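Student: One structure, pasted below without further comment.
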There are 8 protein chains.
Amino acid sequence: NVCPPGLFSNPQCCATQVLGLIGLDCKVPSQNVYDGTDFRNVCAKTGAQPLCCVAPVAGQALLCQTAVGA
Amino acid sequence: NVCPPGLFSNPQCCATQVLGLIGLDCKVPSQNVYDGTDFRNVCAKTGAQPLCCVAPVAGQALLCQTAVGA
Amino acid sequence: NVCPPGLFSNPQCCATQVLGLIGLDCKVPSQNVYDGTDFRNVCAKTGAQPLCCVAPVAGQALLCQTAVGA
Amino acid sequence: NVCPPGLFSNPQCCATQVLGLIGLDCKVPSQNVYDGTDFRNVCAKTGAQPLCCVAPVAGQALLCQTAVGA
Amino acid sequence: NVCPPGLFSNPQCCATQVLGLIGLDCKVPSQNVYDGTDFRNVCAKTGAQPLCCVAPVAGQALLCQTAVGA
Amino acid sequence: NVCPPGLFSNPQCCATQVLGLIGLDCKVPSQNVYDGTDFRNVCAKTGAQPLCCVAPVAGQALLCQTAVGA
Amino acid sequence: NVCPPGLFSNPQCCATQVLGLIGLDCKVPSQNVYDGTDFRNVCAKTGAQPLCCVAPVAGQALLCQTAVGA
Amino acid sequence: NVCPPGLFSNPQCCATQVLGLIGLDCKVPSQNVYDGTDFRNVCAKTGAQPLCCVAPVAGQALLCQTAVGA
Ligand SMILES: CCCCCCCCCCCC[N+](C)(C)[O-]
Ligand SMILES: CCCCCCCCCCCC[N+](C)(C)[O-]
Ligand SMILES: CCCCCCCCCCCC[N+](C)(C)[O-]
Ligand SMILES: CCCCCCCCCCCC[N+](C)(C)[O-]
Ligand SMILES: CCCCCCCCCCCC[N+](C)(C)[O-]
Ligand SMILES: CCCCCCCCCCCC[N+](C)(C)[O-]
Ligand SMILES: CCCCCCCCCCCC[N+](C)(C)[O-]
Ligand SMILES: CCCCCCCCCCCC[N+](C)(C)[O-]
Ligand SMILES: CCCCCCCCCCCC[N+](C)(C)[O-]
Ligand SMILES: CCCCCCCCCCCC[N+](C)(C)[O-]
Ligand SMILES: CCCCCCCCCCCC[N+](C)(C)[O-]
Ligand SMILES: CCCCCCCCCCCC[N+](C)(C)[O-]
Ligand SMILES: CCCCCCCCCCCC[N+](C)(C)[O-]
Ligand SMILES: CCCCCCCCCCCC[N+](C)(C)[O-]
Ligand SMILES: CCCCCCCCCCCC[N+](C)(C)[O-]
Ligand SMILES: CCCCCCCCCCCC[N+](C)(C)[O-]
Ligand SMILES: CCCCCCCCCCCC[N+](C)(C)[O-]
Ligand SMILES: CCCCCCCCCCCC[N+](C)(C)[O-]
Ligand SMILES: CCCCCCCCCCCC[N+](C)(C)[O-]
Ligand SMILES: CCCCCCCCCCCC[N+](C)(C)[O-]
Ligand SMILES: [Zn+2]
Ligand SMILES: [Zn+2]
Ligand SMILES: [Zn+2]
Ligand SMILES: [Zn+2]
């Protein structure tokens with residue numbers, strides 16, 4: 001609901017993103033997210049960005065797409 | 001549309017490109033574009049190149065490919 | 001006939017394939033090809049590799065599978 | 001079997017995975033595998049990880065997803 | 001006092017650092033910093049990291065060294 | 001003169017600067033320059049920036065610092 | 001010391017190196033090392049290579065050079 | 001005598017120099033050199049370039065200036 005189905009279906013909060021597709025210092029949101037705006041608000045708590053990644057687990061560098069409505 | 005569906009589906013005007021994969025100084029076109037001609041002309045306004053990138057938001061370096069219809 | 005029908009059904013000559021599914025610097029064959037041997041010979045004219053991609057037009061990076069009878 | 005049907009359907013033992021979708025130094029399992037745990041155990045014989053890649057042939061770097069239940 | 005004299009003498013708060021020498025999404029601290037610990041505390045307010053960069057002005061990507069005592 | 005003595009003592013007009021220390025597409029000023037403003041004005045004739053680089057010869061990419069008072 | 005003074009003055013044990021400039025999977029040596037022999041032996045404990053890097057803190061990818069005395 | 005005295009006073013043969021001051025893949029000349037012409041000829045034996053660096057020992061990346069009488 002906050003991320004599209006398929007490859008980039010895992011929501012994560014990352015310190016930043018490079019090249020338009022790589023999230024850096026990513027972590028699963030600390031709490032549940034229900035929509036684009038809430039997703040963005042949770043990540044902003046730690047100064048992070050909302051991204052939709054290919055992996056369900058935290059990672060220093062993961063392929064991720066920009067979030068929609070975030 | 002002006003960009004293929006999938007990964008590189010985001011139109012952007014970039015100052016240049018390198019390695020045939022990375023656009024530099026990229027920002028969303030100032031106005032709507034409906035075909036390869038529009039896309040090329042609009043980006044030329046700032047002397048930029050029309051590219052199809054992996055992210056819908058401006059960025060200094062993004063993975064991008066040359067627009068096919070322009 | 002040179003490429004399986006479906007997703008990767010468009011023959012192209014690419015400088016190389018990476019990550020097992022991405023063709024870089026791809027272009028439509030200069031001449032017509034009717035079988036694996038033709039595909040290989042026509043692409044080899046420019047030091048290219050024969051691949052079956054999803055897109056009909058040329059592209060600096062496309063989703064492609066190695067040609068069947070390369 | 002041990003990998004879902006589709007693009008990422010080829011079992012491989014790779015030294016590791018980066019960006020959450022790329023296996024490095026991948027090789028086909030030496031022996032057949034029948035389930036997650038089995039797949040994992042075999043790849044562990046060479047200190048490798050069990051992944052499902054886009055190609056049936058070994059490669060220094062390939063697109064792969066982690067094996068389910070492995 | 002928070003950064004060494006020379007090339008990397010400009011304190012900045014950045015979203016992260018790559019390759020051990022490149023700060024990403026950097027900005028001059030919002031307030032004055034007097035020591036390593038205070039520098040680190042100010043940057044942590046926005047979830048940023050304390051770095052010593054070659055430029056006195058904010059930048060999306062700048063050469064920066066890890067901070068000492070931070 | 002317009003650049004400090006030492007490593008970064010060679011005046012150049014470069015299309016731009018990245019990472020806060022690298023000038024791209026640099027060329028020696030067409031005419032002599034005597035101070036910050038002068039240096040800047042000249043480089044502006046070709047849409048370039050005034051920088052102090054480590055080498056007296058033009059280059060696609062060189063280590064350079066911004067010109068003081070320019 | 002074990003690493004030259006300057007930019008690459010931080011000893012680290014890394015899983016490997018690429019392009020003769022980037023160390024991968026790097027962490028500070030578990031114990032003190034006073035020369036090239038110590039450095040090499042200590043890193044061998046985890047099958048790692050002794051490198052001199054630009055950052056004093058562990059990281060998955062850092063700019064590093066081979067240790068001269070090891 | 002082949003390199004100016006001081007900082008960059010150690011002759012080395014490097015695959016190339018980048019950014020106007022960095023020698024990559026540098027090694028001490030195989031034979032002795034007594035003048036610019038010798039330096040150039042001895043390095044050219046391995047397709048290398050003659051540079052004057054700060055370090056006496058070999059290195060994958062060092063601070064170097066182009067040889068005076070290359
Ligand atoms: C942010 C990660 C960027 C990784 C970039 C990796 C580039 C690899 C280029 C390999 C080129 C190999 N070859 C044989 C064509 O020279
Ligand atoms: C950075 C390398 C990126 C390669 C990206 C390849 C994207 C392929 C998208 C294919 C979409 C195919 N189809 C039939 C669904 O339109
Ligand atoms: C390093 C980037 C790799 C990107 C790989 C992208 C694979 C996309 C596959 C899309 C398949 C779509 N359908 C629509 C499922 O073909
Ligand atoms: C962090 C380092 C970034 C370096 C970026 C270098 C961009 C070079 C672009 C050269 C473009 C050349 N040309 C002819 C296509 O305009
Ligand atoms: C996931 C981020 C990947 C960034 C990859 C950048 C790849 C650049 C490849 C350049 C290849 C150039 N050449 C001449 C060897 O074809
Ligand atoms: C942030 C990603 C940067 C990727 C840079 C990739 C550079 C590839 C250079 C390939 C050069 C190939 N060749 C044949 C011209 O030497
Ligand atoms: C890990 C990726 C780090 C990327 C650092 C990129 C710095 C890019 C600077 C691009 C400047 C482009 N332009 C057109 C303004 O010259
Ligand atoms: C963050 C993106 C950084 C991109 C850096 C791209 C460097 C490209 C260098 C290309 C050199 C090509 N050539 C023909 C002169 O060897
Ligand atoms: C954005 C797409 C980036 C693709 C980068 C691909 C790097 C491929 C390196 C392949 C090396 C192959 N081999 C056989 C020489 O080991
Ligand atoms: C995101 C692209 C990552 C590309 C990584 C390519 C690694 C190539 C390693 C080649 C190693 C070759 N050899 C002979 C030393 O085993
Ligand atoms: C985070 C920025 C990384 C930038 C990496 C730039 C690599 C440029 C390699 C240029 C190689 C040129 N040449 C002629 C030797 O092939
Ligand atoms: C970590 C050091 C990275 C150095 C990267 C240097 C890239 C140099 C590209 C030089 C291109 C020179 N030339 C003449 C072909 O334009
Ligand atoms: C951080 C290293 C950045 C290296 C950037 C290298 C850019 C090389 C651009 C070469 C352009 C050559 N040419 C013929 C197209 O003008
Ligand atoms: C990523 C390329 C890095 C090149 C780094 C060169 C660092 C040189 C440090 C030289 C220190 C010289 N000295 C005499 C002060 O020891
Ligand atoms: C892309 C990285 C470039 C690093 C350039 C580093 C230059 C260091 C110069 C150090 C000079 C030291 N003394 C001690 C002033 O020679
Ligand atoms: C974000 C992409 C990161 C790709 C990292 C690829 C590392 C390849 C290391 C190959 C090492 C080969 N060898 C023989 C030195 O062990
Ligand atoms: C400021 C970050 C710079 C990262 C630079 C990475 C440069 C890699 C250069 C590889 C050159 C390989 N080769 C074979 C052309 O000498
Ligand atoms: C994050 C920085 C990644 C830098 C990757 C640089 C890759 C350089 C590959 C140079 C390949 C040169 N050659 C001659 C083997 O084709
Ligand atoms: C802009 C730079 C982006 C760098 C992304 C780097 C991903 C590195 C993954 C390294 C994995 C190393 N190792 C040894 C654990 O396989
Ligand atoms: C964040 C660091 C990413 C480093 C990626 C390095 C890719 C190196 C590929 C080397 C390929 C060498 N060779 C000989 C097989 O072409
Ligand atoms: Zn909420
Ligand atoms: Zn139109
Ligand atoms: Zn304070
Ligand atoms: Zn010892």
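Just so we're on the same page: first chain in the structure tokens is A, next is B, and so on; residues restart at 1 for each chain, and ligands are numbered from 1 in the order they show up.
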Produce the least-squares-superposed copy of chain D, fitted on chain C over all in-order C-alpha pairs, as a PDB file with C-alpha atoms, in the first residue's frame.
Tutor:
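Result file result-v8.pdb:
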```pdb
ATOM      1  CA  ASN D   1      12.622 -16.960 -35.918  1.00  0.00           C
ATOM      2  CA  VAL D   2      15.863 -16.339 -33.974  1.00  0.00           C
ATOM      3  CA  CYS D   3      14.166 -15.328 -30.715  1.00  0.00           C
ATOM      4  CA  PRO D   4      11.426 -17.065 -28.732  1.00  0.00           C
ATOM      5  CA  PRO D   5       7.919 -15.563 -28.721  1.00  0.00           C
ATOM      6  CA  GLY D   6       7.020 -13.453 -25.701  1.00  0.00           C
ATOM      7  CA  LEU D   7       8.723 -10.706 -23.720  1.00  0.00           C
ATOM      8  CA  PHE D   8      12.243 -11.434 -24.995  1.00  0.00           C
ATOM      9  CA  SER D   9      11.404 -11.580 -28.702  1.00  0.00           C
ATOM     10  CA  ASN D  10      13.323  -8.670 -30.255  1.00  0.00           C
ATOM     11  CA  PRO D  11      16.683  -9.458 -31.958  1.00  0.00           C
ATOM     12  CA  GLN D  12      19.458  -6.996 -31.129  1.00  0.00           C
ATOM     13  CA  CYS D  13      23.225  -6.759 -31.423  1.00  0.00           C
ATOM     14  CA  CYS D  14      24.667  -5.472 -28.152  1.00  0.00           C
ATOM     15  CA  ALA D  15      28.237  -4.698 -27.172  1.00  0.00           C
ATOM     16  CA  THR D  16      27.827  -7.036 -24.195  1.00  0.00           C
ATOM     17  CA  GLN D  17      25.598  -8.527 -21.492  1.00  0.00           C
ATOM     18  CA  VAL D  18      25.821  -8.084 -17.705  1.00  0.00           C
ATOM     19  CA  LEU D  19      24.098  -9.789 -14.771  1.00  0.00           C
ATOM     20  CA  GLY D  20      23.012 -12.428 -17.258  1.00  0.00           C
ATOM     21  CA  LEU D  21      19.993 -10.451 -18.456  1.00  0.00           C
ATOM     22  CA  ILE D  22      20.981  -6.927 -19.501  1.00  0.00           C
ATOM     23  CA  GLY D  23      22.390  -5.963 -22.888  1.00  0.00           C
ATOM     24  CA  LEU D  24      24.447  -2.757 -23.076  1.00  0.00           C
ATOM     25  CA  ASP D  25      24.645  -0.541 -26.175  1.00  0.00           C
ATOM     26  CA  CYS D  26      22.095  -2.483 -28.197  1.00  0.00           C
ATOM     27  CA  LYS D  27      21.059  -1.874 -31.793  1.00  0.00           C
ATOM     28  CA  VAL D  28      18.782  -3.706 -34.207  1.00  0.00           C
ATOM     29  CA  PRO D  29      20.645  -5.989 -36.634  1.00  0.00           C
ATOM     30  CA  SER D  30      21.638  -4.079 -39.786  1.00  0.00           C
ATOM     31  CA  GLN D  31      20.308  -6.903 -41.991  1.00  0.00           C
ATOM     32  CA  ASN D  32      17.754  -9.678 -41.543  1.00  0.00           C
ATOM     33  CA  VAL D  33      18.870 -12.816 -39.705  1.00  0.00           C
ATOM     34  CA  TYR D  34      17.431 -16.306 -40.156  1.00  0.00           C
ATOM     35  CA  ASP D  35      19.063 -18.600 -37.590  1.00  0.00           C
ATOM     36  CA  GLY D  36      21.415 -18.732 -34.611  1.00  0.00           C
ATOM     37  CA  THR D  37      24.699 -18.889 -36.507  1.00  0.00           C
ATOM     38  CA  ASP D  38      23.565 -16.220 -38.992  1.00  0.00           C
ATOM     39  CA  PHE D  39      22.435 -13.908 -36.174  1.00  0.00           C
ATOM     40  CA  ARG D  40      25.772 -14.381 -34.440  1.00  0.00           C
ATOM     41  CA  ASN D  41      27.858 -13.801 -37.559  1.00  0.00           C
ATOM     42  CA  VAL D  42      26.118 -10.514 -38.314  1.00  0.00           C
ATOM     43  CA  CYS D  43      26.496  -9.097 -34.795  1.00  0.00           C
ATOM     44  CA  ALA D  44      30.163 -10.131 -35.000  1.00  0.00           C
ATOM     45  CA  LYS D  45      30.682  -7.610 -37.812  1.00  0.00           C
ATOM     46  CA  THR D  46      30.535  -4.844 -35.201  1.00  0.00           C
ATOM     47  CA  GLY D  47      32.085  -6.858 -32.378  1.00  0.00           C
ATOM     48  CA  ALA D  48      28.639  -7.221 -30.812  1.00  0.00           C
ATOM     49  CA  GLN D  49      26.736 -10.129 -29.267  1.00  0.00           C
ATOM     50  CA  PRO D  50      23.419 -11.615 -30.419  1.00  0.00           C
ATOM     51  CA  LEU D  51      20.650 -11.168 -27.828  1.00  0.00           C
ATOM     52  CA  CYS D  52      16.852 -11.300 -27.584  1.00  0.00           C
ATOM     53  CA  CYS D  53      15.529  -8.165 -25.867  1.00  0.00           C
ATOM     54  CA  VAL D  54      12.229  -6.861 -24.501  1.00  0.00           C
ATOM     55  CA  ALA D  55      12.137  -3.941 -26.917  1.00  0.00           C
ATOM     56  CA  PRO D  56      12.418  -3.501 -30.717  1.00  0.00           C
ATOM     57  CA  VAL D  57      14.219  -0.175 -30.342  1.00  0.00           C
ATOM     58  CA  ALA D  58      17.922   0.380 -29.723  1.00  0.00           C
ATOM     59  CA  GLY D  59      18.885   1.316 -26.168  1.00  0.00           C
ATOM     60  CA  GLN D  60      21.908   1.867 -23.917  1.00  0.00           C
ATOM     61  CA  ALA D  61      20.621  -0.843 -21.589  1.00  0.00           C
ATOM     62  CA  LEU D  62      17.844  -3.385 -22.067  1.00  0.00           C
ATOM     63  CA  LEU D  63      16.613  -6.646 -20.600  1.00  0.00           C
ATOM     64  CA  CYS D  64      17.840  -9.411 -22.946  1.00  0.00           C
ATOM     65  CA  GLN D  65      18.524 -13.133 -23.013  1.00  0.00           C
ATOM     66  CA  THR D  66      21.342 -14.771 -24.940  1.00  0.00           C
ATOM     67  CA  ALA D  67      20.303 -16.070 -28.344  1.00  0.00           C
ATOM     68  CA  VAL D  68      19.804 -19.830 -28.532  1.00  0.00           C
ATOM     69  CA  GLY D  69      22.212 -21.631 -30.835  1.00  0.00           C
ATOM     70  CA  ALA D  70      24.111 -18.378 -31.309  1.00  0.00           C
TER      71      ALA D  70
END
```
Student: So how far away is atom 12 (C, counted along the ligand's line) of ligand 16 from atom 5 (C, counted along the ligand's line) of ligand 4, in Å?
Tutor: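 Between atom 5 (C, counted along the ligand's line) of ligand 4 and atom 12 (C, counted along the ligand's line) of ligand 16 the gap works out to 25.9 Å.
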Student: Grab the atom 2 (C, counted along the ligand's line) of ligand 16 to atom 15 (C, counted along the ligand's line) of ligand 3 distance for me, in Å with one decimal place.
Tutor: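 Calculated distance between atom 2 (C, counted along the ligand's line) of ligand 16 and atom 15 (C, counted along the ligand's line) of ligand 3 is 23.2 Å.
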Student: Go through chain A and collect every residue that DSSP, computed from the backbone, puts in helix (DSSP H, G or I); the answer should be as a ChimeraX atom specification.
Tutor: /A:36-44
Student: Check the DSSP output for the backbone and give back, as an MDAnalysis selection string, the residues of chain E in strand (DSSP E).
Tutor: chainID E and resid 10:18 22:27 49:53 59:66
Student: So what do you get for atom 7 (C, counted along the ligand's line) of ligand 5 versus atom 3 (C, counted along the ligand's line) of ligand 18, distance-wise?
Tutor: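 Computing the Euclidean distance for atom 7 (C, counted along the ligand's line) of ligand 5 and atom 3 (C, counted along the ligand's line) of ligand 18 yields 8.0 Å.
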